[PDB]
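Visitor: One structure, as structure tokens, below. Some questions next.
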Amino acid sequence: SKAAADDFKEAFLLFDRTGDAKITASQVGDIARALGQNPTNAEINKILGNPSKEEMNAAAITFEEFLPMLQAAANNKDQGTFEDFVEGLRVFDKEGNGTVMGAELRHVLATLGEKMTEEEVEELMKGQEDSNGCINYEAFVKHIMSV
Amino acid sequence: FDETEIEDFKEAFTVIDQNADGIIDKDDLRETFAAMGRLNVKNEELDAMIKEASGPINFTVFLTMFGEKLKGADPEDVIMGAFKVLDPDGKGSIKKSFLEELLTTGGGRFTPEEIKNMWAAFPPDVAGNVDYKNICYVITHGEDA
Amino acid sequence: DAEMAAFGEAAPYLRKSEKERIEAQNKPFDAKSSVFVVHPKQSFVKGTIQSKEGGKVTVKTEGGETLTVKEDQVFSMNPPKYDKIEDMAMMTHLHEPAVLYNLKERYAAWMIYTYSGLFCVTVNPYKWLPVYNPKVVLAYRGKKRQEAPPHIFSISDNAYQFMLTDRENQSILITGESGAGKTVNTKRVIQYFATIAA
Amino acid sequence: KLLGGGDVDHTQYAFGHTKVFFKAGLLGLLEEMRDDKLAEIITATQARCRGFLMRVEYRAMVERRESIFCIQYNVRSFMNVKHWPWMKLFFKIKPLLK
Numbered sequence: 003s004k005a006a007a008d009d010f011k012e013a014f015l016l017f018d019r020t021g022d023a024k025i026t027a028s029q030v031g032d033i034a035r036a037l038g039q040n041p042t043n044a045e046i047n048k049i050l051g052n053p054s055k056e057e058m059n060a061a062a063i064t065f066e067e068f069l070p071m072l073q074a075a076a077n078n079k080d081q082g083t084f085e086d087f088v089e090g091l092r093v094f095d096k097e098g099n100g101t102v103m104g105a106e107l108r109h110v111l112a113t114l115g116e117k118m119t120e121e122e123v124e125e126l127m128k129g130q131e132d133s134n135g136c137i138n139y140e141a142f143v144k145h146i147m148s149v
Numbered sequence: 019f020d021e022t023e024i025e026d027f028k029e030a031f032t033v034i035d036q037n038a039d040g041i042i043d044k045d046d047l048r049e050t051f052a053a054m055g056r057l058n059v060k061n062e063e064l065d066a067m068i069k070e071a072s073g074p075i076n077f078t079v080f081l082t083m084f085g086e087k088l089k090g091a092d093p094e095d096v097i098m099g100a101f102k103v104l105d106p107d108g109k110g111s112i113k114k115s116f117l118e119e120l121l122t123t124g125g126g127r128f129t130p131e132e133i134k135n136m137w138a139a140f141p142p143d144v145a146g147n148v149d150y151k152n153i154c155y156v157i158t159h160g161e162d163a
Numbered sequence: 004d005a006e007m008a009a010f011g012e013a014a015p016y017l018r019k020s021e022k023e024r025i026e027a028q029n030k031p032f033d034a035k036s037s038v039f040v041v042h043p044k045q046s047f048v049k050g051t052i053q054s055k056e057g058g059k060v061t062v063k064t065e066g067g068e069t070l071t072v073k074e075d076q077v078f079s080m081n082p083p084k085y086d087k088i089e090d091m092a093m094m095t096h097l098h099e100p101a102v103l104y105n106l107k108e109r110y111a112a113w114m115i116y117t118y119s120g121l122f123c124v125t126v127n128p129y130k131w132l133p134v135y136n137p138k139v140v141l142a143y144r145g146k147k148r149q150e151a152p153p154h155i156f157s158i159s160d161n162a163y164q165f166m167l168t169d170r171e172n173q174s175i176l177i178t179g180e181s182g183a184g185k186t187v188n189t190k191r192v193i194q195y196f197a198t199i200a201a
Numbered sequence: 746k747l748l749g750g751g752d753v754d755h756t757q758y759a760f761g762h763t764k765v766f767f768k769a770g771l772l773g774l775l776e777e778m779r780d781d782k783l784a785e786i787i788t789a790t791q792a793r794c795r796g797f798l799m800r801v802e803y804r805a806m807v808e809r810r811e812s813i814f815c816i817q818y819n820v821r822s823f824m825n826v827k828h829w830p831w832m833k834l835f836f837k838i839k840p841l842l843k
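Listed below in structure tokens is the structure:
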């Protein structure tokens, strides 16, 4: 709305590697996340196809399509409730203390639903899981929501 | 400028301003150099220090002159912060070729020629990127320790 | 599946395969539109709600028919979770149609025993079934009606159980019209007693 | 505690030692809501993850971002300063301090 945030246009100049002021359709998922929006990858996929837009063939972009797609994704930020994130992992391990065994969270984050690479899974556990093999998800989900 | 760094410049301003009136003149510069052992300090050196200011060297003119020369000055704790992120496993000094590649390939300020000048008085370990910490010392306080 | 063995051969007429179930309970359902309705020729047939006349209802049919019937000529339809419920009284939709319909469905599947509360509904097969099967008899032996599928020996055994457990006398009341086939059951119940405690 | 939420008739049910009691078509109602909730499913919890996953990637091609600058500028200072009277002075003098 501007509140006209012109820093979204300045961040589009940091993600366009050619400097022509266009951003390919394959970058739009990760740049919506870098502007403070977390649409799921199936949602980013649907919307695209919904609009008869094929992410399979070469794509370019213009700021005039990327701005309204970020504004259509911005209504879905009401789905980001931290009660359900901590209660999900609290149902994932027994006893009254928030600890996932290391390999349980790593294999679930790579193979269940939207596949996260094991390189990204190791980069998200690095520092929050110590050598006991127990990830405290009270501080883990706190630090994941700090970015 | 953190406040303890500004208090360090206030203490250095008081040690060079031996008349204690709040303005370092050329006599204060010469008498501070003579008290450090400089019996041969020429008047042209004192005139070149005063030629860097547009007015008398009071505390805010000394702070603005040091601000404009130290526009990338970083305290030792923030330099060791960045070097602990470059060595995230702790303790080890990072490799010579890793710092040369990461300075160049990330930024234009890390271009090579400049990397040869970094190795050139910042010795081997420092230059190489293996030790660590002595370079943070000499960036906050110059010359060999 | 794992459980069923005792019957094995009868199984198909008592219970359905664990996916037949699964394939039935876990299917698409649109509550707000799916419904049961009155019907001049056939008693109650099913349909989908099309529109809403403010206190009239227009519905499509299952056969293809469109009728605009009152608001209370229209009755909800149970989620698929209640397909061929052993105990209709567990349904969350206690209607007239839903009951007819449950019986009917599990019959077209050849299940003659369905419970409706305390009752033990029984429908005339009009053909032969491995139900009175000498294997079943045992199977139903020592089992609460929750440990086994709807069947008469359930009633008949429980009676017995209950008989010795509570130290009370029991009864079984069989009832139906002329062609319902009670004698048959009665007799069959009787054999049951004689066998299991002779 | 659960039934705490929902724009549901807090009448129609009743609790007791082993179970809740419900009027008609309720449990039916429940499920339905549930049904919608799965169409959604996981799917929402995946996303954030996905999102978040890449969000850490930026900090990496990215984390470094500033630590460099810090290093960058910081050096430059010195190269300029180290030749400045006042700074040499501070230098010889910096020790006598406490």
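Protein chains in written order, with the deposited numbering: chain A, 3 to 149; chain B, 19 to 163; chain C, 4 to 201; chain D, 746 to 843.
Backbone N, C-alpha and C fix where the C-beta goes; we use that ideal spot for every residue, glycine too.
1. Give the single residue among A:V143, A:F10, A:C136 whose Cα lies nearest to the Cα of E66 of chain A.
2. Which residues in chain D sit within 8 Å of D20 of chain B, going by Cβ to Cβ distance?
3. Whole-angstrom Cβ separation of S159 of chain C and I175 of chain C, contact assumed at under 8 Å?
4. Determine the closest residue to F122 of chain C out of C:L106, C:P137, C:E68, C:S36, with distance taken between C-alpha atoms.
5. Below 7 Å on C-beta distance, what does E777 of chain D contact in chain C?
6. Using three-state DSSP, classify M127 of chain A as helix, strand or coil.
7. Are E94 of chain B and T158 of chain B touching if we call contact CB-CB under 8 Å?
8. From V41 of chain C to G67 of chain C, what does the alpha carbon distance come to, in whole angstroms?
9. Can you confirm whether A769 of chain D, when its beta carbon is compared against all beta carbons of chain C, has any partner nearer than 8 Å?
10. Below 8 Å on the Cβ atoms is my contact criterion, and I expect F31 of chain B with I42 of chain B to pass it. Report the Cβ-Cβ distance as a whole number of Å.
11. Which chain D residues sit within Cβ distance under 9 Å of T95 of chain C?
12. Listing by chain order, which chain B residues have their CB less than 7 Å from the CB of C794 of chain D?
13. Out of A:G135, A:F87, A:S133, which has the shortest C-alpha to C-alpha gap to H145 of chain A?
14. Let me check one thing: in DSSP terms, what residues is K151 of chain B bridge-paired to?
15. Ignoring anything shorter than 3 residues, give me the beta strand (DSSP E) runs that lie fully in the stretch 90-155 of chain C, in order along the chain.
16. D780 of chain D versus chain C: which residues are under 7 Å apart at the beta carbon?
17. Among C:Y163, C:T95, C:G184, C:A112, which has the Cα closest to the Cα of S20 of chain C?
18. Could you compute how far the alpha carbon of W829 of chain D sits from the alpha carbon of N78 of chain A?
19. Express the C-alpha separation of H98 of chain C and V72 of chain C in angstroms, rounding to a whole number.
20. I'd like to know if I41 of chain B contacts chain D, where contact means its C-beta is closer than 8 Å to some C-beta of that chain.
21. If contact means a Cβ-Cβ distance below 9 Å, which residues of the stretch 797-821 of chain D contact chain B?
22. Since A76 of chain A and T26 of chain A are thought to touch, with beta carbons under 8 Å apart, how far apart are those beta carbons, to the nearest angstrom?
23. Could you list the residues in the stretch 826-837 of chain D with a C-beta less than 9 Å from some C-beta on chain B, going in chain order?
24. Measuring straight from C-alpha to C-alpha, what distance separates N37 of chain B and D46 of chain B?
25. Work out the CA separation of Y85 of chain C and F766 of chain D for me, nearest whole Å.
26. Using the DSSP secondary-structure output, state which residues sit across from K59 of chain C in a beta bridge.
27. Give me whichever residues DSSP pairs with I52 of chain C in a beta bridge.
28. Per the DSSP calculation, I137 of chain A is bridged to which residue(s)?
29. Assign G761 of chain D to one of three DSSP states: helix, strand, or coil.
30. By the three-class DSSP mapping on this structure, what secondary structure does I41 of chain B have?
31. List the residues that DSSP assigns as beta-bridge partners of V38 of chain C.
32. On a Cα-Cα basis, can you pick out the residue from C:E89, C:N161, C:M94 that is closest to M80 of chain C?
33. So the alpha helix (DSSP H) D80 of chain A belongs to, where does it begin and stop?
34. For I75 of chain B, which residues does DSSP report across the bridge?
35. Determine the chain F residues that contact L747 of chain D at a beta-carbon separation under 9 Å, and present them in chain order.
36. Should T42 of chain A go down as buried or exposed, given a rule of 16 or more other Cβ atoms within 10 Å for buried?
Guide: Working from what's here:
1. A:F10
2. Residues of chain D passing the Cβ test: none, with the nearest at roughly 14 Å.
3. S159 of chain C to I175 of chain C, Cβ: 7 Å. Contact.
4. The option with the nearest alpha carbon to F122 of chain C is C:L106.
5. Using a Cβ-Cβ cut-off of 7 Å, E777 of chain D is close to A34, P82 of chain C, given in chain order.
6. helix
7. yes
8. 15 Å
9. yes
10. 7 Å
11. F767, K768, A769, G770, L771, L772, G773, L774, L775, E776
12. Under the 7 Å cutoff, chain B gives no residues; its nearest Cβ is about 23 Å from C794 of chain D.
13. A:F87
14. Answer is none; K151 of chain B lacks a bridge partner.
15. 116-118, 123-125
16. One finds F32 in chain C with Cβ atoms closer than 7 Å to the Cβ of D780 of chain D, taken in chain order.
17. C:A112
18. Near 57 Å, if we compare the C-alpha coordinates of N78 of chain A and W829 of chain D.
19. 17 Å
20. Judged by the 8 Å Cβ criterion, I41 of chain B is not in contact with chain D.
21. Correct list: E808, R809, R810, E811, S812, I813, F814, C815, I816, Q817, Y818, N819, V820, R821.
22. Not really, about 21 Å apart at Cβ, beyond 8 Å.
23. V826, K827, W829, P830, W831, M832, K833, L834, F835, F836, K837
24. The alpha-carbon atoms of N37 of chain B and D46 of chain B are separated by roughly 7 Å.
25. 18 Å
26. C:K73
27. C:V62
28. A:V102, A:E131
29. strand
30. coil
31. C:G50, C:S79
32. C:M94
33. That residue, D80 of chain A, is in no alpha helix (DSSP H); it is neither H nor E in DSSP.
34. B:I42
35. Of the protein chains in this structure, namely A, B, C and D, none is chain F.
36. buried
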